[PDB]
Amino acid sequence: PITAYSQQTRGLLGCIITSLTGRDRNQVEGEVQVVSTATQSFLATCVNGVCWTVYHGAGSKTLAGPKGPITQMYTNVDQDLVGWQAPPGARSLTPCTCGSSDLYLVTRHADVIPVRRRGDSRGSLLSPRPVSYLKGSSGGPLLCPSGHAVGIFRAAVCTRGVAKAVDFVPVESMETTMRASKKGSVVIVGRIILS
């Protein structure tokens, strides 16, 4: 069912300047936004109109947006989780409600990697890959077979440079951060379309 492809929209130049100005008037499209500070790149996934990514990529940094920089609405260092108001045009994934243990991690290179959930915030890859297959995909989505968000990719367990299992912030942890709330900008340099 689940397939994906990537689209690069900027170079490092556009990125650098966008970061400095915090002003991105490119058209936002897709559910998964390929994201970057000037010095490191990772993914940001959208759920419930909020654009979620990891703190170990974003920091407390703002998001470059059409009317200037967007301050983080949510920030949870303990859960390695931040979130901005999703910019106009960005599609939002719906949270999973079926309880499927068969998860699908989508990577920055638009690979769809099977995972079996074996814990609340953790699961094993059905076939190990070199860690390069995952690196730079933090803040990417884990999807159930219906393509609903179960959680966002946070870390991976590896040995001898081969990743055997993953760690993610579940979608429930987001609801808990959301309720509990109640120099450079991060830049959208591409996206990953789903289906």
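So that there is no doubt, residue numbering starts at 1 and follows the sequence shown.
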property	result
Interval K182-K183, deposited residues with no coordinates in the entry (none, 1 to 3, 4 to 9, 10 or more)	1 to 3
93 to 101 versus 76 to 84 - which carries the larger mean C-alpha B factor in the record	93 to 101
Higher-B stretch (mean Cα B-factor, as the entry records it), 170 to 178 or 15 to 23	170 to 178
Selection from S138, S146, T37, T62 [criterion: highest C-alpha temperature factor in the record]	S146
Modelled-residue ranking by C-alpha temperature factor, third containing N48	highest
Relative C-alpha B-factor of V28, binned into the chain's lowest, middle or highest third	highest
Modelled-residue ranking by C-alpha temperature factor, third containing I192	middle
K67 - which third its CA temperature factor falls in, relative to the rest of the chain	highest
